[PDB]
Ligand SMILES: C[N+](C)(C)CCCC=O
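What follows is one chain in structure tokens, specifically the form solved without this ligand.
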């Protein structure tokens, strides 16, 4: 059972206790930790932040304490243009230059593999992603002839049905990747002028135009498209999404005015860390969608959709019974990593809760 965990660069800037460094990570917690995000420059992989070299270094020391722990570097991200990626992939003289630069960069900084986070390929891009993945794995295989352990190659693949069909040749790229992580936590957002959950586990016989909007369907679809179970990994969020209510309506369907106010530490409209959520929960109204099996809370004119220990453990049994490769967690820095905000004295409450399910029968 794999446990892929993401650590984000920009989390170091958060003030006070918000501050997170590779330091805070417990070496036995996950199986793979992925540094997010690298940058591309002069058609070559390159760092992003100024002090990345230092952080790459800090993160890869964890391996001193745990030899079986593998790390990967992710290229892409949202704040990276899909356009830019699209440009390097369609012109063979740019693609090859990009591909050739990776083994060397990873080896230098002590990474065990590369994670492709192209968000998102357009209908014109599908053919070029397959090529990138194909040639990139070919290069990794050729490099192993030098007597070193073959690099891993993974991909972050979005979970909305329409998104998938547009730009991913699932059957094709699955034979080349080592694992695929399904972003099963972006099923709703402020862009829909109503209140709703972004990571429901099941459909819930309530509404029926978006039956493709839940983890369960996404997983089944991917399996039908040809991805082997032993390579699929399900995404579990550690954050929640917030919304400013536009009325006094709190139930399903309720009207929205826009995203929620920023968190004291994460400072971002519409997002909240689990540890910020734990604070918000005090004097908040406790609610839970029984059909879909995820919780939401509301206080004043704020409405928050999030995941707690019970829902996360529930998602974990699901991937187990369906026999998937494992779980992916976005992101370690949004969990209560110090273990002092969510009552119980436990660091990484959410991620450990997952591990507990994955670690038993």
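Residue numbers count along the first chain shown, from 1.
As for the form deposited with this ligand bound, it is not shown, yet the points below apply to it.
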- Note on the structure: Among 55-63, 329-337, 297-305, 310-318, the stretch whose residues bring a heavy atom within 4.5 Å of this ligand in the deposited complex is 329-337
- Task: Decide whether residue 268 counts as a contact residue for this ligand in the deposited complex under a heavy atom distance cut-off of 4.5 Å.
- Result: yes
- Determine whether any heavy atom of residue 123 comes within 4.5 Å of a heavy atom of this ligand in the deposited complex, and answer yes or no. no
- Message: I'd like to know if residue 10 sits close to this ligand in the deposited complex, meaning any non-hydrogen atom pair within 4.5 angstroms.
- Response: yes
- Query: Which residues in 68-85 have a heavy atom within 4.5 Å of this ligand in the deposited complex?
  - Reply: 78
